Amino acid sequence: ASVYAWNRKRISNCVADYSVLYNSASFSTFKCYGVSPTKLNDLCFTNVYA
Amino acid sequence: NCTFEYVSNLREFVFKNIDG
């Protein structure tokens with residue numbers, strides 16, 4: 001979607017593996033704020049917005 | 001707005017809601 005019409009996806013109840021994405025050179029930018037980018041798989045939250 | 005979706009004489013059921 002366009003940046004002004006940014007799309008939002010809701011993520012409830014699904015396991016995800018942020019290690020295969022952090023280890024990928026395809027992503028030109030991977031920067032995290034408030035949570036360490038390395039320690040990401042351990043964290044648990046009730047909902048995720050994308 | 002959907003936040004969950006699951007798919008799987010006398011009958012008795014007990015419905016309760018405790019600690020979320």
# chains A, B, ... in the order shown; residues from 1 in each chain; ligands from 1

$ closest_atom_pairs --of "chain B" --to "chain A" --cutoff "12 Å" --atoms "only C-alpha atoms" --output "Markdown table"
| residue | atom | partner | partner_atom | distance |
| --- | --- | --- | --- | --- |
| B:1 | CA | A:10 | CA | 9.5 |
| B:2 | CA | A:10 | CA | 9.0 |
| B:3 | CA | A:12 | CA | 6.4 |
| B:4 | CA | A:12 | CA | 7.0 |
| B:5 | CA | A:12 | CA | 9.8 |
| B:6 | CA | A:13 | CA | 10.9 |
| B:20 | CA | A:46 | CA | 11.8 |

$ write_last_selection --atoms "N, CA and C atoms" --output "tab-separated table (two decimals), in the first residue's frame"
chain	number	residue	atom	x	y	z
B	1	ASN	N	-14.20	-6.68	12.33
B	1	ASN	CA	-13.19	-6.75	13.37
B	1	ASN	C	-13.20	-8.11	14.06
B	2	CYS	N	-12.36	-9.03	13.58
B	2	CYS	CA	-12.26	-10.37	14.13
B	2	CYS	C	-10.91	-10.52	14.80
B	3	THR	N	-10.91	-10.99	16.05
B	3	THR	CA	-9.68	-11.20	16.79
B	3	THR	C	-9.40	-12.67	17.08
B	4	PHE	N	-10.28	-13.57	16.65
B	4	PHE	CA	-10.11	-15.00	16.85
B	4	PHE	C	-11.11	-15.74	15.98
B	5	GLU	N	-10.72	-16.93	15.53
B	5	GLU	CA	-11.59	-17.77	14.70
B	5	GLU	C	-11.10	-19.20	14.81
B	6	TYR	N	-11.97	-20.11	15.25
B	6	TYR	CA	-11.62	-21.51	15.37
B	6	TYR	C	-12.68	-22.38	14.70
B	20	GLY	N	-9.72	-13.81	32.33
B	20	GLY	CA	-9.57	-13.65	30.90
B	20	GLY	C	-9.64	-14.93	30.10

$ select_by_dssp --residues "chain A" --states "strand (DSSP E or B)" --output "compact mmCIF listing (two decimals) with N, CA and C atoms, in the first residue's frame"
# COMPACT_ATOMS: atom_id res chain seq x y z
N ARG A 10 -3.59 -7.34 11.62
CA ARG A 10 -3.71 -7.71 13.03
C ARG A 10 -3.28 -9.16 13.19
N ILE A 11 -2.45 -9.42 14.20
CA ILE A 11 -1.84 -10.72 14.41
C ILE A 11 -2.18 -11.18 15.82
N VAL A 48 -0.29 -8.21 17.88
CA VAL A 48 0.76 -7.65 17.05
C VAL A 48 0.12 -6.88 15.90
N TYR A 49 0.59 -5.66 15.67
CA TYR A 49 0.17 -4.87 14.52
C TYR A 49 1.30 -4.82 13.50

$ atom_distance --atom1 "CA of residue 18 (chain A)" --atom2 "CA of residue 30 (chain A)"
11.0 Å
